[PDB]
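Peer 1: before the rest arrives, take these chains from my complex:
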Amino acid sequence: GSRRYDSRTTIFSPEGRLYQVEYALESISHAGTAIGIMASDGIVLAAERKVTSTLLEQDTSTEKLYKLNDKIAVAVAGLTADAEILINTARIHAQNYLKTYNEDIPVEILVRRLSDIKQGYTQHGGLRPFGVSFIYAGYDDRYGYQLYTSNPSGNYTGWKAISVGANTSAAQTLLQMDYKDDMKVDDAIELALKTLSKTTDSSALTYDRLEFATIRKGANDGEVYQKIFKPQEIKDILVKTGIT
Amino acid sequence: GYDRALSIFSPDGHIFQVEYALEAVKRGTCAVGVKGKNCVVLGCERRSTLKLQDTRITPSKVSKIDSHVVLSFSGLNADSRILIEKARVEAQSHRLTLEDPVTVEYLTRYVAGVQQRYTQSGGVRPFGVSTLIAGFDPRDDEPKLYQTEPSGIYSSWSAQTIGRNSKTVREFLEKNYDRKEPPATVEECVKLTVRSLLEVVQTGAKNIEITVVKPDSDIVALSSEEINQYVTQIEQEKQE
Amino acid sequence: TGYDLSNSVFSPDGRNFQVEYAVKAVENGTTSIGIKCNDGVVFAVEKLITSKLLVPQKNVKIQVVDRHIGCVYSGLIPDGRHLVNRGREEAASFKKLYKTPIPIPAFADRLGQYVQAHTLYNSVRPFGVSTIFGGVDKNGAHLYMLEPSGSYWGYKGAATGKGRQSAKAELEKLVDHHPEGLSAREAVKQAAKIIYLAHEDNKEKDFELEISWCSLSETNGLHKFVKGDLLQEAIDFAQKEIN
Amino acid sequence: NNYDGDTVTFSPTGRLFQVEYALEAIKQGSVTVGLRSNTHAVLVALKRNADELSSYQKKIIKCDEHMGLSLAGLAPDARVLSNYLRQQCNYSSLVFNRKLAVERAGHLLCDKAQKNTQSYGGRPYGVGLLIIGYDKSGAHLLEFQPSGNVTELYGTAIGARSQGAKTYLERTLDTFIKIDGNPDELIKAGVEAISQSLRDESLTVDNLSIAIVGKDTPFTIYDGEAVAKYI
């Protein structure tokens, strides 16, 4: 019958590894680098677009950074199509929690549920896992500003500063060097860009090959604002830090 | 529905998928359980290749199943969440029907049953997780420590360890733990647990987690400085 | 290659090797025939007497569908029974909805589609039988032969099994020598002869003859078995021709 | 070789190897004999044990007051098929107030075994059965094979070394068929028949298993000291 053609996506190797999860991570390591940095007064999300063409419409484009709700955003690394499936699920889950409890969803709860969905694809169903790694950047009134990451295994962890996608090894060493705990947002903005600028496979880092976002309490009194940077705003912030 | 029999026998009488799930446990960070005269202590390793972590929000290694029972593990982290969740749901369901919290033996038996079901169900792989379940039965002061594994077998232990380099720390516990006289106090039990982890860990900084469970839902996690004091004390006595 | 390991897989030729392999099981089976006549059809089959311990006349192979259709097959006997069980269900639902008994061409397609369906998926095996069947309806007499692929045509005479070529040659002579037509009682006698002649290709074990027929005049359009005096008369006619 | 992975696959010569391997499980099974006259039908079965400390595996199963079988091969598969027969015999009684014909009993078993040989996932039955019974057309004996093929006979035998008993019955055909109105003599003929399949071992009191059905005799099984008469 059909047994002949089954890849058996949810099995263990003799060494006790999940073949498909390992290979999904190998796929993600070729995707454009995404960095998350958490400061005391906000969070930075920076991501490098995958080899851009000059005729690509830059201003009306979304590849790396996605909004989950007013308080939570994610940076993507891997298959965009796969990520969008998961993002819409996450967006719905957030609205269910709000509808149930009349309170915005705590960041960890949202992250856990999304990570639990990925886990299921590695244990049952005989389907391939999602070839996606997320950086979650969000705020709630329990833990404040939080950074998380999840990967195809469905395992998630919390971070002060983290990178996913390509050149994470080099990127994580640079972040580990210059990061400190009393850091501000504007300093974290500078760190994020400097790190990408050194780890990039491109010749020079330009405005048209970047997506940028901040989550500050920089609104008026005790409330959080999400800023998805416009092309011209990235151009200005790139000049202001002296990269171009 | 995906039906494939993934866990099956081999000519020599082995179920390789279950045995390979044990290899995943062997890869996982070390976890140790030691029970004293009036307490149980769960110690856990945390690998130090991860700096720039946020320890406030990062999932803790020891999980409360109920107010009186805890569960630590070694193996795949994502898999462990599924077992912990099921266990937590069963704990509340038991309180609802029996009007009494679960015994540690019962909770262990349930988790072990779930693990076993995944070894002879179609379309699923076994859990790549072994657990240490510890606590005190309702209105009882006798300490309980149990172990489970992917196959589904479970058993009670005076002291036990699982995960990477567990055979080294088990060797330590086998000669250092006296059945006739277990650790009489909390301090003695925690020290023996930290000592056993120091055979394997590396540095006693932010690499060791300790959770102490006492009778009548008295569970607390030790901070860095509190654990560091045991590390400092043990090393000074060692130089002799 | 490996194109022959799974059913419903096309080879580079455009062939389904699994169906062709089922045909080999049919060729291995005992001989069975069908003869179309003036106002009906006649079916006959070879039953190999494996042992003295077989009860004579009590291992019946020819099967009736509804009250007006007869079915006989060569190859895997159980597969043939499964097909007739379906045929009986198909005929029953037709009569349930449309009142009239199922016409033979209509019935032929019902089996044809069902057998063809078992060449569409790898989760099922093709049928290991060629089925000769037919009867009498409002438009007269019809004889059909259905194959593992689902292929069927109408026939003047039909034959399948180990002695099919011998039987086909003998059938072709009847078609040539009787252009105006063959009578029902004649066809029964000829059927006996052709089974006896076709037995030369399976002559280690001696055999038992079994005949059935549908005829507008002789059986009133219903399927009946040939027994007793009419059967012995047909056996004697066949015995006289081989010598 | 490459065409024996499952039952849904034909070989290049048109063989079903999984069905043939199931047939092989019957040849490994212990011998059992079936025979009949015009008044009675008899099953004789050589039971097998694991060792001297173990019991002797029961071979004969009752299906109705007028019908039952003996088995050779996988015993659990015989239990499944005998249970199906029990239901079908029972359905015929409750709905139609009619004792199920032994011939229909065979047809039903054939069709049940067949479905398992044409579908992916399933497997053929790994057992052969000898069904005896007395119905409205007198005594009957059937031979079931898990290929689906069912055969009505005067006498037969299946299992290991069954060829010895089958030859004897082929010689004795004219004698035992006319043992009418005499149960003990028909059993004696069956006990003598199964004896032709014995090697090194002989028929003992807890080794032999006999069953009989007939005109004024319900399907009853004899074991233990009740078969000491026939040794």
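Peer 2: Received the coordinates, thanks. Numbering: from 1, shown residues only, chains lettered A, B, ... in the order given.

Peer 1: thinking residue A:97 is in contact with residue A:112, fair?
Peer 2: No. Residue A:97 is beyond contact range of residue A:112, at 11.8 Å (criterion: C-beta atoms under 8 Å). In this view, the C-beta of every residue, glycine as well, is placed from N, C-alpha and C.

Peer 1: how about the residues of chain B by chain A?
Peer 2: B:2, B:4, B:6, B:16-17, B:20-27, B:50-59, B:76-79, B:81-82, B:118, B:123-128 (C-beta under 8 Å from any C-beta of the partner chain).

Peer 1: could you pick out the buried ones from the residues you listed?
Peer 2: Buried members of these, scored by 16 or more other C-beta atoms under 10 Å in any protein chain shown, are B:4, B:6, B:16-17, B:20-27, B:52-54, B:57-59, B:76-79, B:81-82, B:118, B:124-128.

Peer 1: just the ones of those residues in helices?
Peer 2: B:16-17, B:20-27, B:77-79, B:81-82 (DSSP state H).

Peer 1: residue in chain C nearest to chain A?
Peer 2: residue C:123 (4.9 Å; C-beta to the nearest C-beta).

Peer 1: which residues touch the spatially closest residue to that residue that is not a sequence neighbour?
Peer 2: The shortest distance from residue C:123 to any non-neighbouring residue, by C-beta to C-beta, 6 or more residues apart in numbering or on different chains, is to residue D:120 (4.0 Å). Residues in contact with residue D:120 (C-beta atoms under 8 Å, 6 or more residues apart in numbering or on different chains) are A:1, A:2, C:122, C:123, C:124, D:6, D:8.

Peer 1: could you find the closest non-adjacent residue to the fifth one?
Peer 2: Using C-beta to C-beta, 6+ apart and skipping the chain neighbours, the partner closest in space to residue C:124 is residue C:118 (4.9 Å).

Peer 1: any figure for the gap between residue B:85 and chain C?
Peer 2: 36 Å (C-beta to the nearest C-beta, to the nearest Å).

Peer 1: please disregard the earlier target; I meant residue A:147.
Peer 2: 49 Å.

Peer 1: chain E goes on too:
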Amino acid sequence: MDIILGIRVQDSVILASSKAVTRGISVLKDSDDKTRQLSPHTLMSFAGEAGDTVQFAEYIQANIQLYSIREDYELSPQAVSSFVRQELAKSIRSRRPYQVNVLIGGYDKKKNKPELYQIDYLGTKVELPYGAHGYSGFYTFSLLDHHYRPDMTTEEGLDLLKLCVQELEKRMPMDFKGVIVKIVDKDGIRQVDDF
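Peer 2: Adding chain E to what we have so far:
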């Protein structure tokens, strides 16, 4: 079941609930506690159809306790009340709805404010300074309209509650065998044993 009251004061929420369980012409029990602790700083009283009441209360209790263990965190009274409402809002369009009315008294530790929610079996939620279910409200609401002040102490609240129980004991047709009173504040939940 029958009488359940609630009063929110400056620093606490006080719930009063009748002790009688009647069935036919017999008072089967006179010491019944018509409440369940959902979390350390959240208490739910209930009244309605026999069986449904306890079955619903314990079901909610199990769910909130499950959440507490999972997140190692106590849900706010507002969050618990919204969860309860939604369960009742589902219930009302079920094959057999829960016929249970509830009062949810809680202390929000983040806001340092007491909160009282009144939810009926339809899933109709309202935050109130004082609340009641059943026929009780026809006496207590007008009484509290007069005597209630927002800045009252817990002791003043208990005297205000005594005034309600006295009025109900005077004018209600049925003997409800007194009430069990419980106080919800910053220090959790405690029972007044002598009322």
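
Peer 1: is residue E:27 bridged to anything, and to what?
Peer 2: With DSSP bridges as the criterion, residue E:27 is bridged to residue E:22.

Peer 1: residue in chain E with the shortest distance to chain D?
Peer 2: residue E:95 (35.7 Å).

Peer 1: alpha carbons of stretch E:55-71, as CSV, please.
Peer 2: Below are the C-alpha coordinates for stretch E:55-71, written out as CSV (Å, rounded to 0.1, in the frame of the first residue of the first chain):
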residue,chain,number,x,y,z
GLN,E,55,-21.6,21.0,40.2
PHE,E,56,-21.1,24.4,38.5
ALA,E,57,-19.2,26.0,41.5
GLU,E,58,-16.7,23.1,41.8
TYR,E,59,-16.3,23.1,38.0
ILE,E,60,-15.3,26.7,38.0
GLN,E,61,-13.1,26.2,41.1
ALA,E,62,-11.2,23.4,39.3
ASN,E,63,-10.6,25.6,36.3
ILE,E,64,-9.3,28.6,38.3
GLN,E,65,-7.1,26.3,40.4
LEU,E,66,-5.7,24.8,37.2
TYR,E,67,-4.9,28.2,35.8
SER,E,68,-3.2,29.2,39.1
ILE,E,69,-0.9,26.1,39.0
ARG,E,70,-0.1,26.5,35.3
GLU,E,71,0.9,30.2,35.5
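
Peer 1: buried sites along it?
Peer 2: For stretch E:55-71, by 16+ other C-beta under 10 Å, it's E:56-57, E:60-70.

Peer 1: check the residues you listed one by one and keep those near chain D.
Peer 2: Checking the buried residues of stretch E:55-71 against chain D (C-beta under 8 Å from any C-beta), there are no matches.

Peer 1: I'd like these written out as CSV, with secondary structure added.
Peer 2: What follows is these, written out as CSV (DSSP: H, G, I helix; E, B strand; the rest coil):
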residue, secondary structure
E:56, helix
E:57, helix
E:60, helix
E:61, helix
E:62, helix
E:63, helix
E:64, helix
E:65, helix
E:66, helix
E:67, helix
E:68, helix
E:69, helix
E:70, helix
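
Peer 1: can you slot in chain F too:
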Amino acid sequence: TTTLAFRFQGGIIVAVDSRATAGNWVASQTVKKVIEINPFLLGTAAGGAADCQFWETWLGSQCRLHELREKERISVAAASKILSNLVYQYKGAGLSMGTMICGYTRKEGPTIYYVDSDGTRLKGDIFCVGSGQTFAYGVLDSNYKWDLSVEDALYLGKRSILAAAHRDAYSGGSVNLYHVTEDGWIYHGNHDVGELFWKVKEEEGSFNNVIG
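Peer 2: One more chain to add, chain F, which I have set with the ones above:
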């Protein structure tokens, strides 16, 4: 029916009548309304007869499975809650059951639980259940003290059923007495009202409404 069970100094008394009715037709006078679940658990039956008989014997099977699985005798609370959760699933379907789960365990001590077919489940010291519950309450309440002796408590239970058996048209036959201690339940005999009434009347001097 009339069934009662009360808690006191010396354990639990349980007393039931033995009449079955089909309208005004007296169906039986010799029915067993107490089911012995195990040496430490009793169950009383009031309401629909098949409903009680079927589900209380079923309850016993669930209690047996508990002690097989858990290697420990089931608690009175857990036993009662199995039955209450069961009938709650059938709520509205028309089950008619008024039950009392009485027994002793180490952790609980002597315990009585009232469970009925609307899903009401109540712990308590005294309960009377059935058509004649009010008649039993009248005698039991007016004579009850915690400090009753085993001898006096047994009699009060017996006398309370007799009182209801007399007045309630749908109660009677005979009295079945039980006593539950730390060591388990003890059966204290079947007492026919035919003889018991006159024996009580003469010795006690009560029942002066009746023609002596």
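
Peer 1: again for the buried residues of stretch E:55-71, chain F present now?
Peer 2: In stretch E:55-71, counting by 16+ other C-beta under 10 Å, buried: E:55-58, E:60-70.

Peer 1: distance from the chain centre to that stretch, please.
Peer 2: The chain centre lies 17 Å from the centre of stretch E:55-71; the measure is C-alpha atoms, centre = their mean, to the nearest Å.

Peer 1: and if you look at stretch B:95-109?
Peer 2: On C-alpha atoms, centre = their mean, the centre of stretch B:95-109 falls 19 Å from that of its chain.

Peer 1: what residues does it touch?
Peer 2: B:65-69, B:87, B:90-91, B:94, B:110, B:133-138, B:144-146, B:148, B:154, B:156, E:58-59, E:62, E:65, F:70, F:75, F:77-78, F:81-82, F:85.

Peer 1: contact partners for the residue nearest to residue D:142 when sequence neighbours are not counted?
Peer 2: Once flanking residues are discounted, residue D:142 sits nearest to residue D:131: 4.1 Å by C-beta to C-beta, 6+ apart. Contact analysis of residue D:131 by C-beta under 8 Å, 6+ apart lists D:63, D:67-69, D:85, D:102, D:105-106, D:109, D:140-144.

Peer 1: what lines up beside the helix or strand containing residue D:131 in the sheet?
Peer 2: Here residue D:131 is covered by strand D:127-135, with elements defined by DSSP states H and E. Looking at strand D:127-135 with DSSP bridges, its partner strands are strand D:67-73 (antiparallel), strand D:138-144 (antiparallel).

Peer 1: which stretches of chain E form helices?
Peer 2: Going by DSSP H, chain E shows helices at E:52-71, E:77-91, E:137-147, E:154-171.

Peer 1: okay, the ones you listed in TSV with distance to residue A:77 next?
Peer 2: Formatted as TSV, these follow (distance: least, C-beta to C-beta, whole Å):
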stretch	distance to residue A:77
helix E:52-71	28
helix E:77-91	34
helix E:137-147	59
helix E:154-171	56
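
Peer 1: out of the ones you listed, which gets nearest to chain B?
Peer 2: Once the helices of chain E are compared by C-beta to the nearest C-beta, helix E:52-71 is nearest, at 4.7 Å.

Peer 1: next, the angle from the closest one to helix E:77-91.
Peer 2: 130 degrees (axes from the mean of the first three to the mean of the last three C-alpha atoms, to 10 degrees).
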